[PDB]
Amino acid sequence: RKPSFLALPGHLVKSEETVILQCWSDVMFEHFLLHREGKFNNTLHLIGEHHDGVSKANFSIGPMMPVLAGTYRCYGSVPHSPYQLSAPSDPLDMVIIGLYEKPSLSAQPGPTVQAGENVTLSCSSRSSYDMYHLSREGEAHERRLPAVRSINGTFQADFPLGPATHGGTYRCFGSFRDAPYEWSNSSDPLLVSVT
């Protein structure tokens, strides 16, 4: 019963940029409520019109600030204020990136691997990140692992990619535990080739 929910371009957005949040469904709604959860949660309203087959509202968000970052869900209704909200939509995590110094990202043992074999990608920095996030280009979610700190002073997390199937261009971001939705600059993109 849930509207569809989509970020454009995506859910990872640089500071001071703008993004579009789109809610749409088979059902024709005439009223969408965009809800961001958490501290300073907020609900935004848009009188989306469907044109036929589909109903849609496009929410504008930004310029991107730490306070518009967090988890969003869209709700459809039919009556006017004060609505009767349909099922939630799949949450989306609006992450504000390019905000701290980019981590280093590196492949072990190498960026090229035989099918079925494991690769581990390591996220590193001397900055004191509590968490790291691994992005494969073209995906909408990112793995996260807690940064453990090494005697040498390096903050690091190691993501095993599992049995190599297809390649991917990988990026990673650091974040601090008080601000889970606020991320560093992306690391330099690493390209894994499977053989």
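In case it trips you up, residue 1 is the first one in the sequence shown, and so on.
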Take the C-alpha B-factors listed in the entry for 20 to 28 and for 177 to 185, compute each mean, and give the stretch with the larger one.
-> 20 to 28
Of the two stretches 51 to 59 and 138 to 146, which shows the higher Cα B-factor on average in the entry?
-> 51 to 59
Select lowest, middle or highest to describe the third in which the CA B-factor of residue 33 falls within its chain in this entry.
-> lowest
Residue 165: C-alpha B-factor third of its chain, per the entry, is the middle
Chain-relative C-alpha B factor for residue 71 (record values, thirds): the lowest
Which third, lowest, middle or highest, does the CA B-factor of residue 110 fall in along this chain?
-> middle
Lowest, middle or highest third of the chain for the C-alpha temperature factor of residue 122?
-> lowest
